[PDB]
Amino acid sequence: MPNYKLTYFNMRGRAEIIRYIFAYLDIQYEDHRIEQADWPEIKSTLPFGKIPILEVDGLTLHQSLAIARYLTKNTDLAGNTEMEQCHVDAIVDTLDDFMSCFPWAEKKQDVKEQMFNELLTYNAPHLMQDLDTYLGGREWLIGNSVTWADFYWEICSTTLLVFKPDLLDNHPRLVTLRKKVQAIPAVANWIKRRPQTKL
């Protein structure tokens, strides 16, 4: 069996998709969480200076979604056909594009709060509406069963709701999708034991 070590900050953030996948597939791993103080040292040892990274039998993988895709290959989370695997990838990237717009690392709280509130007020409702229309009356975002795109929806929406609690008031179908992901036994079991962090 592979010996997995995940390194990230002590937060859900970009590592959480990987953590959900390990939970669903019942894979034991080391969930190494670093303090901000240790980051400068660690950063200088990494080929691209970013986390998360996943060490697999000592070899270092990077890029959260590249890693997530790797872990889901030949599993029920991948997507059931080659084109549905493309749809999974496309939804994940649509979500990731938006999350990547937020100035997470910005130091000036004034401009940071202003930019968060712009994105959440003007851009977020538009994306929520497109996702809701895309989902329509289907059970899951892609195909006839849960995929890691549904996981990423729940993760991303969980963080957006911290800043904008009314985000999904006009989207009961997207709320239902969150609840369905949160109710999957392995995911529910992870949610109830994970460290509690704002982000």
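Residue numbers here begin at 1 and follow the sequence given. We call the rigid core the largest set of C-alpha positions that still match within 1.5 Å between the two forms.
Q: Fit on the core, then compare CA atoms: does 40-48 or 62-70 lie farther from this form in 6 other deposited structures of this protein?
A: Looking at 62-70 and 40-48 in 6 other deposited structures of this protein, the bigger mover is 40-48.
Q: After fitting on the rigid core, which stretch moves more in 6 other deposited structures of this protein, 94-102 or 109-117, going by C-alpha RMS?
A: Comparing 109-117 with 94-102, the one that moves more in 6 other deposited structures of this protein is 109-117.
Q: If you average the Cα B factors in the entry, which is higher, 45-53 or 145-153?
A: Stretch with the greater average CA B-factor: 45-53.
Q: So 71-79 or 84-92, which one's hotter by mean CA B-factor in the entry?
A: It is 71-79.
Q: Which third, lowest, middle or highest, does the CA B-factor of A66 fall in along this chain?
A: It belongs to the lowest third of the chain when residues are ordered by C-alpha B-factor.
Q: Split into thirds by Cα B-factor across the chain's modelled residues, where does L6 land: lowest, middle or highest?
A: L6: CA B-factor falls in the lowest third of its chain.
Q: When the modelled residues of the chain are sorted by Cα temperature factor, does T133 land in the lowest, middle or highest third?
A: Answer is middle: the recorded C-alpha B-factor places it there.
Q: According to the PDB entry, is the CA B factor of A37 in the bottom, middle or top third of its chain, that is, lowest, middle or highest?
A: Top third by C-alpha B-factor.
Q: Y122: which third of its chain by C-alpha temperature factor?
A: Its C-alpha B-factor belongs to the highest third of this chain's values.
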